[PDB]
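Colleague: Protein chains in written order, with the UniProt record's numbering: chain E, 5 to 502; chain H, 5 to 502; chain L, 5 to 502; chain B, 4 to 502. Idealized CB from N, CA, C, for every residue including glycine.
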Amino acid sequence: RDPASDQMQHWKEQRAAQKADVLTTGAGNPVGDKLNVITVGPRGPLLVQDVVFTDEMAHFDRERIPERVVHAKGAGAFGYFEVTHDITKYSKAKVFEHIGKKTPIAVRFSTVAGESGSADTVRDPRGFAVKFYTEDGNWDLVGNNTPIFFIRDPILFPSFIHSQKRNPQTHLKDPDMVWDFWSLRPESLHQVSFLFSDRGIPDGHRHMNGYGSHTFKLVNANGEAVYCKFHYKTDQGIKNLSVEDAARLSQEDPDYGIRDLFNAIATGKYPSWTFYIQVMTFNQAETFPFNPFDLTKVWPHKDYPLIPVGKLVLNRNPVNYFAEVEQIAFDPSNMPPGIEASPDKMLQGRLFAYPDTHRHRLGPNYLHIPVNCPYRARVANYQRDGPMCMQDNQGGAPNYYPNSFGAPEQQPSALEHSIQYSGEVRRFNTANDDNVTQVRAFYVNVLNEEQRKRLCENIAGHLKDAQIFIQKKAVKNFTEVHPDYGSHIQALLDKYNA
Amino acid sequence: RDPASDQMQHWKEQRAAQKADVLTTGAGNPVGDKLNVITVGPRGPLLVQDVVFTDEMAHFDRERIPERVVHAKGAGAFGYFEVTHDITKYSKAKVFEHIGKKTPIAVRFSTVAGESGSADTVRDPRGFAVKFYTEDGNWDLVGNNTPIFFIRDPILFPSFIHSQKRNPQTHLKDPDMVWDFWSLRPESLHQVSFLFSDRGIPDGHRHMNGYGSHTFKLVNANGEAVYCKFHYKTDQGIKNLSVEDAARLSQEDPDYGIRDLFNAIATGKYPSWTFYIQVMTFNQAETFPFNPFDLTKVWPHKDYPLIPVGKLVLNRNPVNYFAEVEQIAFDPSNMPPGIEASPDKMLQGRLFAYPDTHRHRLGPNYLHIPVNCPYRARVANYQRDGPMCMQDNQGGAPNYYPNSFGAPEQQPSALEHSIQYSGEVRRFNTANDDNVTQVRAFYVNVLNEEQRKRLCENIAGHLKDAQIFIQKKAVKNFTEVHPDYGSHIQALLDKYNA
Amino acid sequence: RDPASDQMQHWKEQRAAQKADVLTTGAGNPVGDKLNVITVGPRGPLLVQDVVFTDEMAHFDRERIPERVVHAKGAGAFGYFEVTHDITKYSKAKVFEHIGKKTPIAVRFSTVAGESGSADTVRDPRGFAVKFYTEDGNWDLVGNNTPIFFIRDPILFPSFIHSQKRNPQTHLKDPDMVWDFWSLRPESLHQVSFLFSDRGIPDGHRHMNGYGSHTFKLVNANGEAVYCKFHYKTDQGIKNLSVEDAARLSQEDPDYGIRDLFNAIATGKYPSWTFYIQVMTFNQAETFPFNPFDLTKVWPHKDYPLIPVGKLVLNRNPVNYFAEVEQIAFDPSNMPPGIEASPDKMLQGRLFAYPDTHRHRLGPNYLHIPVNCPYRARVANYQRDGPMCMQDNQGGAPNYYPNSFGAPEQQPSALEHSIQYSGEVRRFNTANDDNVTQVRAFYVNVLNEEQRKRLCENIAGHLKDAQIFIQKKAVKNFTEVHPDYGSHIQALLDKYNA
Amino acid sequence: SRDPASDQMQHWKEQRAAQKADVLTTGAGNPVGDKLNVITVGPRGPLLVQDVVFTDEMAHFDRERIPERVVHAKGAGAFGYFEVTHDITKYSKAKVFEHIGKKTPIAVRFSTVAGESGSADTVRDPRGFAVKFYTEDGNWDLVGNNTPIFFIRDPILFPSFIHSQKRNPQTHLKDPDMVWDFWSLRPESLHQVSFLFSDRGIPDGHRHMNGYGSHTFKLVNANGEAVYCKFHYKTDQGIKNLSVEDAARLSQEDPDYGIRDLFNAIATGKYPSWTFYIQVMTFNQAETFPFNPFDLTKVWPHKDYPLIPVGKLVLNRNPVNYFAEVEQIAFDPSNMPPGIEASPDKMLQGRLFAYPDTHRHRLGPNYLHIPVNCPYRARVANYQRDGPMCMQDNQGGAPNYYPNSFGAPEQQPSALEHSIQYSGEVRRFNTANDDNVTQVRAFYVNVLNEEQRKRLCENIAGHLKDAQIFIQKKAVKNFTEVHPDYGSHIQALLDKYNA
Ligand code: HEM
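1. I'd like to know if residue 26 of chain L contacts chain E, where contact means its C-beta is closer than 8 Å to some C-beta of that chain.
2. Got a sec: which bits of the region 67-84 of chain H sit with their beta carbon under 8 Å from any beta carbon on chain B, in order along the chain?
3. Throw me the rounded Cβ distance for the residue 151 of chain H and residue 231 of chain H pair, which I believe falls under 8 Å.
4. In three-state terms, what does DSSP make of residue 460 of chain E?
5. Using only the alpha-carbon positions, how far apart do residue 159 of chain B and residue 35 of chain L sit?
6. Can you name the start and end residues of the alpha helix (DSSP H) that residue 328 of chain E belongs to?
7. Determine the DSSP secondary structure at residue 144 of chain H, reduced to helix, strand or coil.
8. In whole angstroms, what separates the C-alpha of residue 450 of chain L from that of residue 99 of chain L?
9. Can the beta-carbon of residue 208 of chain E be found closer than 8 Å to that of residue 274 of chain E?
10. So, at 7 Å on beta carbons, what are the nonlocal neighbours of residue 466 of chain B in its own chain, with the 5 sequence-adjacent residues on each side left out?
11. When you compare the CB of residue 403 of chain H with every CB in chain L, is at least one pair closer than 8 Å?
12. In the DSSP assignment, the beta strand (DSSP E) including residue 407 of chain B goes from what residue to what residue?
13. So which residues on chain B does residue 197 of chain H lean against when the C-beta distance must stay under 7 Å?
14. Compare the C-alpha of residue 496 of chain B against each of B/194, B/456 and B/485 and name the closest.
15. Among E/313, E/67 and E/228, which has the Cα closest to the Cα of residue 423 of chain E?
16. Relative to the alpha-carbon of residue 352 of chain L, which residue among E/387, E/311 and E/58 has its alpha-carbon at the smallest distance?
17. Pick out the complete alpha helix (DSSP H) segments inside the region 312-366 of chain H, 4 residues or longer, and give them in chain order.
18. Assuming residue 402 of chain E and residue 212 of chain H are in contact, meaning their beta carbons sit under 8 Å apart, how far apart are those beta carbons, in whole angstroms?
19. Here's a check: name, in chain order, each residue in its chain whose Cβ is nearer than 7 Å to the Cβ of residue 393 of chain E, leaving out the five neighbours to either side.
20. Which residues, taken in chain order from the region 134-160 of chain B, show a beta carbon closer than 7 Å to some beta carbon of chain E?
21. Does residue 370 of chain H get closer than 8 Å to chain L when you measure Cβ to Cβ?
22. Residue range of the beta strand (DSSP E) that residue 290 of chain L falls in?
23. Could you tell me whether any Cβ in chain E is nearer than 8 Å to the Cβ of residue 301 of chain L?
24. Is the beta carbon of residue 300 of chain B within less than 7 Å of some heavy atom of the ligand HEM?
25. For the region 423-442 of chain B, which residues have a beta carbon sitting closer than 8 Å to at least one beta carbon of chain E?
26. Could you give the residue range of the alpha helix (DSSP H) that holds residue 261 of chain E?
27. Determine the chain H residues that contact residue 50 of chain L at a beta-carbon separation under 9 Å, and present them in chain order.
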């Protein structure tokens, strides 16, 4: 009797008021009997000329595409972003042009490590990907529910993902892998501390915040630029699940977040987020006491306050999930003029990985998929062909550039902003950037002892199943942040170890 | 110039009287400079943040799809099929519903053995596929320029195709392979004789006939059935290129068939074909002097004369060749009600092979591409998902059948025609059915002494390159068709063997 | 300190005393630093010439392949099959040739509806696939832990699967879908009663049986044929979990089946199964009160007793799960001489489905994958090419049959059995084919009073969520099996709809 | 009395010295009783699904084809070795150059450029000359051409140039407007177009042509010192070309002339060889070079940069299966062992991405598991896993994350990349107006005699004539800037054609 459990009945109401459609093959031929197969006699074998069977059976056999290598389990919704404040002094992006402008958006939430059948309510970072359909093209802000990440170099991302997933022989989640990587890489202390905090299991997707995480770049109409951070905080309030609640729910309803989001929109409780930016000038980036492009660190609110910008509103549920959610593609490199990448190593690597994996998971022409289409921008270029090529393939337009025959032209208004760099082209070590200073501020200044104990309990509940030498180096890293942090964990580890 | 050479100039005189479009990325983001790459300094290395380069380059790297395993080289056009005579007593198909009914058609000609770079004017059968967009879905008549073929059992087709293409080690056309298989399978004599006659290299595609080759089955409104052939003869006249003419044109213009057909439609010289059918009753099927479903045999006109039905007209050149011709897919299994298959073993195998290879060459959802979409029918079934799902995926419609929720329903007016078959289920040998009779009639009656000489010499020019024991068995088959036939070729071979 | 948790340390104890391997790219180039990405200066952007990063990131972007459309969540193991008795009177199959002959096997257990991330201890059928690498090629016996199935016609299979999986709009398991199809298809009664009994949730894969379910056909050396059923019963004893235990484990260890099997093998507690068959002669097939090819029916033991055959033993864990378990493919069409298919419409449908779905999920040459390779037979034929062709591609052997150059030859002894059938070619309706007779026997004779209580409880526990009109027609089906059956369920349903 | 290619099926059979035929099996190894007749219900009845033999063979026939190479689709392949003759360890520490007399297996694919899988070999086109070294430090792919230069000097123009070299997107026909509108708007193409439309446009097979790395590369020695090098391999068979008349004839008579020619030469023992040289430019001379030494449209003059010998390439083994060993072979310019790196050549930078990207598309994500692409002389050990058509053991139970405490593969600092300092703005620097004419004039006036200049002009005219007049005018102005005689001679011919 919930809106999700009645969707077939609601879809019906319209069909009772018509007749049914005629059942057809894929080629549109009417089917006379699709409940019984063609055989010679009632007890005879099946015949090849039963095309109706093979046509439907062969499409069933190809229903599955590869799930996302990460963030495989998720839920999608649609709505709009509305400007509420003028930040045209920082970014000339059309999406910020004037107060009151609405831009259609697509959103997909997710976990990270679990695959397409896992539970929603498990401890994991929560993906929060937003796709803005602007006139200067699509702007993908592929954020998640934390301002930081576990690593600061993108070449370590496949290893970290491997360590979070299944053992390659046993196919089991391996704590030895999980904490051997985290202990050997102490830059994860910051996001690990956030991961095992209360915010590690949000109460559905509507009660959590979202962050672009990376430092980005904004460019105004004068060609001047600043660096920035994208925040969108829930208007529904920060709400989490205790580990007792999510465990029950992980079995009771592994699709808790999907059901919650669909039911909420289906009854008009349209969720919303307030969209902010932090701004840091180039001079301020030269005097920041850390690397401003270090994904393990936040811009403190005192020195870089939140400037409000707008509002994210989700008011439409997907009609077909596979078409509109499973096949949606977010590319962090989808950035319209007035918004550019920073030299954040992690973001730099993301600029390659997403279109690369999307050409594998979906296909070379994945931007032709309806939800991925920049349907508010006029696409015209010199790319042609590819498997599953749709529309007119830009027809008979000349396919080489430059040309003398009227094909599209570049326009200097969309050219990037120039930055001077100097240095050797090599691999600079960032393993020993500051790993504990901002974490100590998190352990002492952000949490109460009620949250400190739950956090130390949350880590010890899972680290206990790793090897003792791993716990040694793990605790060693927590004591460098706070001796309270380590010894608190160490006592609880002494408990499970007996 | 000819309308083919001027196609870029004409596009300029239709579009380029306005401003030029905006050159964008795949995601629609405008591009300021698509002529120079992003580097650090004028002589510095390339940067990953030049995603404009990666967007265009990665799509270029993915343009190519597998060519057709056969008939890789061809040309496409579009037009209509119009009804001129009433054959509704034979077939209830909506395509012949009333005289004057027009149906949009898609057509693609082709050679057979050559790949995408081969020449048009070479000795080879000529594919002639026609796609009818009917209200009952698409009907694909995937014919060629001969009423017969080389074999009568589909299990030998992959080897015959292998024998006609490149040697697996040298990648060269091997005459040993061609005539070893042909001498070992004398059922090929009928189509080998047609291949080496003047028709083997028709003057383009407008000057050849088209045939469904196979015996088909027609069903009227009262359930009664008849067996039929599909003929469509050229209205522009039969015309053939000579050996020196085609050899020269293979050098001067490999794409002769493309250019000729394109320019004809472009100068309003629309080619056309007169549609016919032969009808054979089920009682006549039992009295037929051969297997009536034997693809190596014709139905003689004296005993089974042609019957007018309609006309085929091609009057629209493709706008983008890749999207409309290279991506087009014809399935002989695509038959609307009133048109069914016969027990032709060859056709029986083709029922599986085409939708099977199309899921590979194009993809599981290849019917979603525009030219293969049945855009005059209403596709409604319980198939969902698949790679590159292009439509709404039928929304939130119930995906299972039967169901109590108004989803599509089978209609019993589309049921197939039921007939009894007699015998054990078993591999029946057709290798030594009649191989020579209808070939002797082709040699003595269909040709004159001018055409026999030119045909015998055409065979000798290719058979001479195989080994002697291959020439021997080949002559043994030709001598078995007619003594003058075999001795004629043996005379030429002796000359070449010197 | 179970062997699963200590897999990495055990692997390192085999290192120990070996210097670790040099870390390379895909092309074998040694890597200097795989922990830091190339940039222009310590805080400059990323460079395309960091091929090491791209080489690794691009492969991580492609790790995932489509999961199985059904039976996605599974566990694999290896061992052997040993012949214990003499059934050469029935089957000339070399896999049964002598008592004591050992044939290697590979096995995969699985759930059905859950996808890759789902839990093991849920109510579902349990796939039990066995691949026999025989000297006559591979024999795939793709069974599950029940001798019957929900349907008896393969064209209903996509819809049954669709109704068991997620709603197309909400992406949630939909009880209306599950029971609308089940209520409208009473042929599901027999397997539904099994599914919701105690046997619906086995305590791991070692404590369940396996059945081929379908009728098969055995042929001996003298051409005599008989029909057959396959049975292999667990020597570890049938053991099932309560829904309370199963629901609890689905939160603790969703991989309960994988862990129990991996650790049982690794501690030498090899599970085993006793392989049986039931034999029905063709004369008994026509006298049989039921249709001996209806997948919803069993063969009663009193009239067709279990004939012992051999032993299945699993004594080796997989080394790489993805390479050995995820990529393994079973085709019921893989059958050596002495083992044939029956006119069982369901099996007839499966003959096409598995190779079809493996060419998509895995690739056209998925038989080249080692676990799918028939490494005890010599593959030699005229198939060539295909994407990712890995072996010698059969070198430079003549690729056409027949030929005169000593290529592989057919041998007539491997010919199939020839039956004569009778009747039209048409779709015969099998919806009302005795849907209750063997179900009432299951309720009355097989079960005690407790089992009936749990059965009706497990039924009403899930049917409670279907619409009232869906419950009525469902209770109608159960009451047709037995008035006590459907009234006990109805008595429970009213306590749920209150 | 027939070339070895013709007799290959006969030679295959007689290799079976009275062996007895292999048993015909399905894909899964099941013996086939009758692969000549399909299963029917009666002699005149319809086909049955339980004929698994027919479907198994047919469905694999339906999937034989893979996408062709987006460029260089038409070509031939051969295998052999590279032998070191001189000591260049002063310049590079590559194991393939380790000591004099050291041999390394090589695989080579020759190719044309524009035509697809069915085109003719003896047509005017650049010739691909890719060489794969299976060294103990992994594979070294040297993906070269038969010319030391190219048409453009920025990788972003390569798709547009290739498009303008292939078929018109509506008519599927070759288009002179497309071809000569791009070249005339991009006058950096002058240098390589002149080489194209000279006598070296249609070589007489693959054995009678040179090979070059074209790009400037970098060589690093054992001390960490680097230079800028050019790779050269010269035919030991002599420069030999086909006339326009004979090339036209052979394109019809024998479309696969080069494939056949190379195969018979190896099969009769006439193994072709190429002497491997290197040009060497220090970093000081790099700052003094009158052009951009990383400009792919320019060569280092031999008088100023002489050839230093290294060894010879030798092709002595034909492929056994063309599809598996030639059609499926994959060369990646980014396959470079230590002691060999890339220069900031913008064209080389784009190719670092394109080939492994296009190879994951054409062949599949795990294309390095294909044998002819396998670096079978080095032990692959990394933290990559799974993927479509995972072939070997997938590295077993080895830990799949780095760093790790369980003895999995480790980086070694001896393979670390050479470091160069760069300075400037990060932006798009224009190189369209670099020197486009200086070396083009040297080739027109000195490398060619009067007889070759006429054939050169007649080849440009015989093709450019089919373009529109306004394209001919801007094209001649480009040739005029090379030399007035150059532009005037072409204009003299074009006026004859256009009448
Ligand atoms: C018309 C009926 C059926 C059809 C069309 C069908 C189809 C399929 C398909 C497409 C797969 C995926 C295979 C893969 O991707 O690896 C599969 C898996 C499987 N099926 Fe069915 N199925 C049917 C009924 C059955 C029956 C009757 C049984 C057993 C008696 C069964 C047992 C299994 C098992 C065990 C697997 C998993 C194989 C593995 O572990 O890799 N199925 N089926």
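Modeller: To lay it out plainly:
1. no
2. 67, 68, 69, 70, 71, 72, 73, 76, 77 and 79
3. At roughly 14 Å, the Cβ-Cβ gap does not stay under 8 Å, so residue 151 of chain H and residue 231 of chain H are not in contact.
4. helix
5. 29 Å
6. Element bounds for residue 328 of chain E: n/a, residue is neither H nor E.
7. strand
8. 34 Å
9. no
10. 179
11. yes
12. Premise fails: residue 407 of chain B is in no beta strand (DSSP E) and is neither H nor E.
13. Within chain B, no residue comes near residue 197 of chain H; the closest Cβ sits about 23 Å away, beyond 7 Å.
14. B/456
15. E/228
16. E/58
17. 349-365
18. Not quite, the Cβ-Cβ distance comes to about 33 Å (not below 8 Å), so this is no contact.
19. 369
20. none
21. no
22. Looking at the DSSP string, residue 290 of chain L is not in any beta strand (DSSP E); the run it does join, the alpha helix (DSSP H), is 286-291.
23. no
24. no
25. 423, 424, 425, 426, 427, 428, 429, 430 and 431
26. 260-270
27. 51, 52 and 53
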